[PDB]
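Chains as they are written, first to last, in my numbering: chain A, 1 to 76; chain B, 1 to 84; chain C, 1 to 56; chain D, 1 to 153.
Here's the structure we're looking at; comments come further down.
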């Protein structure tokens, strides 16, 4: 999964509020995002097939993201 | 009053991300096109998902009175969100 | 201890690279044509087919 | 989403470690419910394995009238014997999960800070954790509310 880089991981962590990272964070973050992307894509692509299309829409992804589960910090 | 200067933010680079999407999507279904807004939605998802994951890792560290975050704090962040 | 994430070189990570900072044309849609959104029936037909794998 | 949790309130917090968990759950129902809602309270003993998670209680609710309902969930404290020493003192999680037809639609998680309330014990904690001097502090205003889109039939 060479798409995501060490600089990228750092950028994400800094917006997260992080101050220091273990060396093992880079290998770990990659594994996590590999799973996350494989899952959302797999579903979005199935959605595209079931609509009899070969062009993936934002709504295909929007629907696949509702399936994976979205989190919020607090209630509504 | 204080005025803010505006600027796009940089988490993950776009072109590498698009190539990553193509890689994975190829294994599920060959000869398959993406709308730009779809790939972007996929990126926005990943980026906010990982940023939130790190926010948990940050909060775990501050209360546990640590400086360095560990893969275990990511594992916890993943757990509280449902995945095994 | 681990890797420090703030200091001399913070700006090194946030340099603009216009050659990577934009999406490639290839792999994307050809035109801006209208494209059908899934009907509620196809949405369900999909979600059932997806629950299939989950089981194995 | 046919059932939607509006709120969860943490009742005795902070508290002694051994104190039973007290939550006040407010959920909303768009129509009457054919099946039962199952609420689980789960204490994650260790981030390393699911083996160490302790289901502290499980409650079955039904039949459910339409509208805003409110109840108080109270589970006993986890067994300190099953908690890996490394994780005992410091940050861990409690989960409140609800399932419909055995499908989880909502997970409300809380980060839990276990810490000794004495300076001397903080300066030098014991090799084996002393649970009777531990304070349990659920980080209540920082919940991780995750919603999943499931089949409602």
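Don't be surprised by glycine CBs; every beta carbon is placed ideally from N, CA and C.
Interface flag, residue 75(A) vs chain D, CB-CB below 8 Å: yes
Contact set between the segment 30-59 of chain D and chain B, restricted to residues whose Cβ is under 8 Å from the partner: Listed by position along the chain: 44, 47, 48, 50.
Which residues DSSP lists as bridging residue 38(A), in chain order: DSSP, once it has assigned bridges, lists no residue as partnering residue 38(A).
Of the listed residues 46(B), 7(B), 15(B), nearest to residue 62(A) (C-alpha basis): 46(B)
N-terminal and C-terminal residue of the alpha helix (DSSP H) that residue 62(B) is part of: 36-63
Within-8 Å CB hit, residue 43(C) to chain A: yes
Under the three-state DSSP convention, the category residue 115(D) falls into: Assigned with DSSP and collapsed to three states, residue 115(D) falls in strand.
Other residues of its chain near residue 2(A): CB distance less than 6 Å, five sequence neighbours each side excluded: none
Residues of its chain near residue 64(A), where Cβ-Cβ distance is below 6 Å and the 5 sequence neighbours each way are ignored: 40, 43, 44
Residue range of the unbroken beta strand (DSSP E) whose run includes residue 76(B): Segment 71-79 is the alpha helix (DSSP H) holding residue 76(B); no beta strand (DSSP E) there.
Which listed residue (77(B), 79(B), 18(B), 14(B)) has its alpha carbon closest to that of residue 18(C): 14(B)
Interfacial residues, the segment 97-129 of chain D to chain B, with Cβ spacing under 7 Å: 107, 109, 111, 113
3 or more residues per run - each beta strand (DSSP E) lying fully within the segment 80-105 of chain D: 90-100
Residue 14(D) versus 77(D), 54(D), 137(D), residue with shortest Cα-Cα distance: 137(D)
Residue 85(B) at chain D interface by Cβ criterion, 8 Å: Within the shown structure, residues of chain B are numbered from 1 to 84, placing residue 85(B) beyond reach of any answer.
Same chain only: Cβ atoms within 8 Å of residue 73(B), ignoring 5 sequence neighbours per side: 56, 57, 60, 61
C-alpha gap between residue 80(C) and residue 151(D), whole angstroms: For chain C, the structure presents residues 1 to 56; residue 80(C) sits outside this window and is missing.
CA-to-CA distance, residue 68(D) to residue 6(D), given in whole angstroms: 9 Å
Below-8 Å beta-carbon distance, residue 63(D) vs any chain A residue: For residue 63(D), the answer is no, since every Cβ of chain A falls outside 8 Å of its Cβ.
C-beta contact flag for residue 23(D) and residue 37(D) at 8 Å: no
Nearest-angstrom Cα separation, counted from residue 6(B) out to residue 117(D): 46 Å
Interfacial residues, the segment 5-37 of chain A to chain C, with Cβ spacing under 7 Å: 7, 10, 11, 13, 14, 18, 19, 20, 21, 22, 23
Start-to-end residues for the beta strand (DSSP E) that takes in residue 41(D): 37-44
Selected residue, minimal CA-CA separation from residue 102(D), among 60(D), 20(D), 17(D), 16(D): 60(D)
CB contact below 8 Å: residue 136(D) versus chain B: no
The segment 45-56 of chain C touching the segment 47-57 of chain A, judged by at least three CB pairs closer than 8 Å: yes
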